[PDB]
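Before any questions on how it binds or moves, here is one chain, the form deposited in one PDB entry, in structure tokens.
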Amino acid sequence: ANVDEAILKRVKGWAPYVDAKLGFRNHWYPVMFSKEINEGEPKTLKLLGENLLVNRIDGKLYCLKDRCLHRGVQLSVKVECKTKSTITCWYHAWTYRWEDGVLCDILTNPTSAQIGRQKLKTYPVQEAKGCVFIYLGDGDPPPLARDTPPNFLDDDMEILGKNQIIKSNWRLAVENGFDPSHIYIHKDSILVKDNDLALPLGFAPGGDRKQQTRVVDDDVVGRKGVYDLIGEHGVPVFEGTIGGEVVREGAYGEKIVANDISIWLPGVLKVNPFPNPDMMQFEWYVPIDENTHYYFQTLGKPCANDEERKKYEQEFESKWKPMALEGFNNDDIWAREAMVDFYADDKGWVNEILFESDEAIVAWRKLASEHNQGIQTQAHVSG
């Protein structure tokens, strides 16, 4: 539906992933932090290509599509919230209920036969760990835990993070994240120097294809994921050679990080431990449109009480955010960007030449192709 048929035909093993340029419908996605949306101060955003309005009413979050049923304007051009439970289009005053999207009045014509017979699309929203998730799908949603990685929701896990808009397709972000050889780009990171990380240049793989990863398509709550096992079973490269001469070495630090690396639908990576042996990183690459994503980064640490939490917050602002979320992951941002040209006409999916460590990426494309809950298309966007 999104990609030229010629191209889709020529990718067989994961064609629906190739098609999912706008992301996967019927999943939850984080879009902002809870502290970024205040009582009665609606925020606008784009997700899976659809513009959305999110408001907080009596502490609770609601989501309406930011497109009036009448002439298709964004309501957010001029927000008119005249009662606590409704929003009034600025143009001809069609008035919708935030709770169910029902067109419940029209100030310019109280007699209209439309009133009570139309419904603006709404989306479920839920807050968890200080993060706003929108279920960008139809019908009653599954629990949040299905579309989060293991441990993200643990009672004791304190989540902090950072969000920004990145100009690449979401899949280029996912694949960069889950790619075992990409760690080559991080070899000069200030995190690696200053936090004394052990970091190989990459890994020589051992065993055949199926041993490189482990698919998790079971799971209690229905999570679908892939664990990368390359560097559990492979030989780390610490001395990179060209024609037999050592030209570059890996980082010989003392802290062991990234023992477990996994990727989960709808597109969230878990790195454990990281950036320190006590923490986890959970980052989402959230489809905004064809060319754009939210890079929704979080760092988790278990905390039993409240002064732990206060200690963690101060470590986050002074150390983990600048050193790791920026100083390590910035190189990820421009690596994603650098893949844009080759994949932008959709021909990179056919012309790429993969090698052995891309086994993890192929597993991901397969898992996503068969376990996503729907392919967002242009018909979902303009409909």
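Shifts are known only where both forms have a C-alpha. Whichever C-alpha set is largest while still superposing within 1.5 Å between the two forms counts as the rigid core. One-based numbering along the sequence shown.
Beyond the structure shown, there is the form deposited in another entry, which is absent from this document and is the topic of what follows.
Only 229, out of 89, 134, 229, 103, shows a C-alpha shift of 2 Å or more between this form and the one not shown on alignment of the rigid core. With the core held fixed between this form and the one not shown, residue 272 has its Cα displaced by under 2 Å.
Once both forms are fitted on their rigid core, the CA atom of residue 211 lies 2 Å or more apart between this form and the one not shown.
Note: residue 209-residue 15 Cα separation is 3 Å or more longer in the other entry than here.
Listed in sequence order, the runs of at least 3 residues with C-alpha movement of 2 Å or more between this form and the one not shown, after fitting the core, are 206-212, 229-232.
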